[PDB]
Each structure stands twice: as structure tokens, then as C-alpha cells.
Amino acid sequence: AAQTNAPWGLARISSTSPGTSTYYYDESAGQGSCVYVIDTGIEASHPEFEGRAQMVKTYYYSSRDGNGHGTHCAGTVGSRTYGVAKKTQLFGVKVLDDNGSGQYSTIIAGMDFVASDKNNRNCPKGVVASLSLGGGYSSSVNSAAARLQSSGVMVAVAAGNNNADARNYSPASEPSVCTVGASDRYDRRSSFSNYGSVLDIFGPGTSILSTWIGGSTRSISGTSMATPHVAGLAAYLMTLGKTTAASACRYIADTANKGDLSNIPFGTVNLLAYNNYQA
């Protein structure tokens with residue numbers, strides 16, 4: 001299939017080269033997979049989700065996304081116009097409040113919840129969790145992400161937007177999950193993006209157009225915008241039987257666009273998420 005005039009990040013993950021505007025993807029589109037968006041929530045009402053989004057757990061007074069971040073990243077995973085995996089099921093898990101922050105314990109609790117909740121959903125193609133969040137290093141945050149990954153969920157987490165090594169950040173520093181850095185539309189590492197050997201892959205993360213609360217759209221930047229590209233792509237490739245949750249991060253690294261990014265510090269992978277789609 002082809003999305004013309006697609007957002008640049010979508011086009012980027014279906015293309016070996018920057019600058020294109022068409023998103024080429026297999027028609028299956030992540031159908032049969034599920035992606036938990038662990039964030040500020042999702043405005044499941046947004047038309048772009050076509051009913052495929054739903055709130056499954058909040059840790060605050062409302063399940064409402066009063067911030068926008070979570071709806072934005074759900075959209076990059078699987079909105080019709082802004083999504084990587086346009087037929088995937090989205091489950092919102094609101095661990096961040098409407099100000100965009102959340103205690104470590106609440107984030108740990110939300111990952112434990114996904115590990116269990118998936119067992120009472122229908123995701124025949126497998127389960128992905130997109131974690132567009134992160135704070136300072138925390139071994140218990142890290143081990144929550146690892147348990148989530150161990151439980152059979154492909155976990156993708158943001159490297160963090162500190163322009164520093166991601167080893168000092170969590171869950172970015174957990175080795176078993178897929179830590180995702182950001183690139184911009186000129187195949188440069190995003191100026192804010194963390195880096196380091198714990199990075200596994202880069203996604204589009206600068207000026208990423210996606211759904212916003214109130215039924216709108218918005219373009220924002222961050223490794224938290226790159227994360228859902230890779231989550232969506234995992235959900236996509238899983239639906240295609242190309243890989244599984246345990247193997248998706250390494251599969252995506254193996255099949256990435258290599259060496260295309262500039263300003264990659266020595267000791268950081270130079271790999272860009274790529275769906276290798278051939279019509």
C-alpha cells in the first residue's frame with residue numbers, strides 16, 4: 001500500500017533515503033497486533049484511531065489525556081494518517097499525569113499491569129509496548145521494563161532527550177528492551193537525542209506530525225516521538241510473521257538502514273528503522 005503525502009517519519013521508515021513523502025507499507029498494517037501506549041493516555045475518541053484505540057488503565061483521577069503526549073504517540077503507532085501500523089489495536093495506559101510526569105512507582109506499576117493485562121486481550125500477532133517516557137537511572141524502573149519484555153511484550157523505550165549517554169536514564173538503560181534514539185528529516189541524529197551503546201535503533205523523532213487531543217494534530221519532537229515509530233514497526237513486522245516480541249528489536253536492528261545518520265557518536269549504533277517493504 002502507499003500513503004502519499006505521509007508525514008516524513010513514516011516515509012522515512014519505508015525508504016532507504018531521506019526526503020521522500022510516500023509511506024510504503026504492507027496492507028496488513030499491524031492487524032492482529034496490540035500496542036500498549038504507556039503515557040499520558042489516549043483520546044480514543046480521535047477519528048484518526050477509527051475506534052482502534054481504548055483506555056485500559058489510568059493511575060490518576062481520569063483516564064482522559066489532558067496533555068496530548070500520549071495521544072500523539074498512539075497516533076504515530078497506529079492512527080490512520082500518522083501511524084506506522086494503521087490497523088493495530090491501541091491500549092492506553094496512563095502512567096503520566098496531564099503535566100507529563102509520573103512517579104517511578106506508577107510507571108513500574110503500569111508496566112506490571114501491561115504484562116498481566118495482555119493475557120486477557122486478543123493479540124494473535126503479539127504485543128508491543130511503546131514507552132515514550134523516562135527519567136534518571138533507576139534499577140527498579142529498568143527491571144520493570146525487563147519483566148515486561150520477559151513476559152513476551154516487545155518493549156520500546158525512548159533514549160531520552162538529554163543529548164547525553166542514555167546509560168544514565170531509565171528505562172532507556174535497560175539492556176533487554178529496545179532503546180530508541182531520534183533522527184531528523186535530514187538523517188541527522190536529533191540535537192536532543194541521547195546516544196550510547198545502550199541505543200538499539202534510531203527512529204524519526206524531530207518535528208513528528210501526529211494526532212493531538214481535542215481531535216487535532218500537532219508536530220512535536222523527541223525520542224518519545226521516535227519510540228512509537230519503532231513500536232508501530234514492531235507491531236507491523238510481527239503481524240507479518242517476520243519476527244516475534246523477543247526478537248523484534250534485534251530483527252529491526254538487523255534490517256535497519258545502516259550508516260545513513262550523521263552526528264552519531266562513536267560507540268552508538270548508526271541504524272535507522274526501516275520496514276524493507278517491497279511492493
# chains A, B, ... in the order shown; residues from 1 in each chain; ligands from 1
$ residues_around --residues "residue A:193" --least-positions-apart "3" --cutoff "8 Å" --atoms "only C-alpha atoms" --output "PyMOL selection string"
chain A and resi 159-164+181-183+189-190+222-223
$ residues_around --residues "stretch 4-13 of chain A" --least-positions-apart "6" --cutoff "7 Å" --atoms "only C-alpha atoms" --output "PyMOL selection string"
chain A and resi 20-23+82+84+185+204+208-209+273-275
$ residues_around --residues "residue A:27" --least-positions-apart "6" --cutoff "12 Å" --atoms "only C-alpha atoms" --output "MDAnalysis selection string"
chainID A and resid 1:3 84:88 236:237 239:240 277:279
$ closest_residue --among "A:144, A:74, A:213, A:56" --to "residue A:98" --atoms "only C-alpha atoms"
A:213
$ closest_residue --among "A:217, A:15, A:40, A:120" --to "residue A:97" --atoms "only C-alpha atoms"
A:40
$ atom_distance --atom1 "atom CA of residue A:180" --atom2 "atom CA of residue A:16"
18.4 Å
$ residues_around --residues "residue A:122" --least-positions-apart "6" --cutoff "9 Å" --atoms "only C-alpha atoms" --output "list in words"
residues 32, 33 and 34 of chain A
$ residues_around --residues "residue A:156" --least-positions-apart "5" --cutoff "10 Å" --atoms "only C-alpha atoms" --output "VMD selection string"
chain A and resid 128 to 132 145 149 171 to 172 176 to 180 200 to 201 224 226 to 232 234 248 to 249
$ write_last_selection --atoms "C-alpha atoms" --output "compact mmCIF listing (two decimals), in the first residue's frame"
# COMPACT_ATOMS: atom_id res chain seq x y z
CA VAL A 128 4.17 -4.28 21.77
CA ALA A 129 4.61 -1.64 24.43
CA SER A 130 5.69 1.85 23.46
CA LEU A 131 7.15 3.74 26.40
CA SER A 132 7.57 7.42 25.49
CA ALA A 145 10.84 -2.86 31.63
CA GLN A 149 9.91 -7.67 27.87
CA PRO A 171 14.18 2.69 31.19
CA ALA A 172 16.50 3.80 28.41
CA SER A 176 16.84 -6.18 27.21
CA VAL A 177 14.36 -3.61 25.80
CA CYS A 178 14.65 -1.64 22.52
CA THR A 179 16.09 1.77 23.34
CA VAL A 180 15.29 4.21 20.51
CA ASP A 200 19.47 -0.15 19.68
CA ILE A 201 17.93 1.87 16.87
CA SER A 224 9.47 9.90 22.76
CA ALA A 226 10.79 8.13 17.75
CA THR A 227 9.83 5.36 20.16
CA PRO A 228 6.30 4.89 18.73
CA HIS A 229 7.72 4.67 15.18
CA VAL A 230 9.67 1.58 16.26
CA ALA A 231 6.80 0.23 18.39
CA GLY A 232 4.50 0.58 15.39
CA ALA A 234 7.50 -3.93 15.58
CA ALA A 248 11.79 -7.79 17.19
CA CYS A 249 14.38 -5.30 18.44
$ select_by_dssp --residues "stretch 128-226 of chain A" --states "alpha helix (DSSP H)" --output "ChimeraX atom specification"
/A:139-150,223-226
$ select_by_dssp --residues "stretch 42-227 of chain A" --states "strand (DSSP E)" --output "NGL selection string"
:A and (53-58 or 89-94 or 126-131 or 135-136 or 153-158 or 169-170 or 178-183 or 201-204 or 208-212 or 216-220)
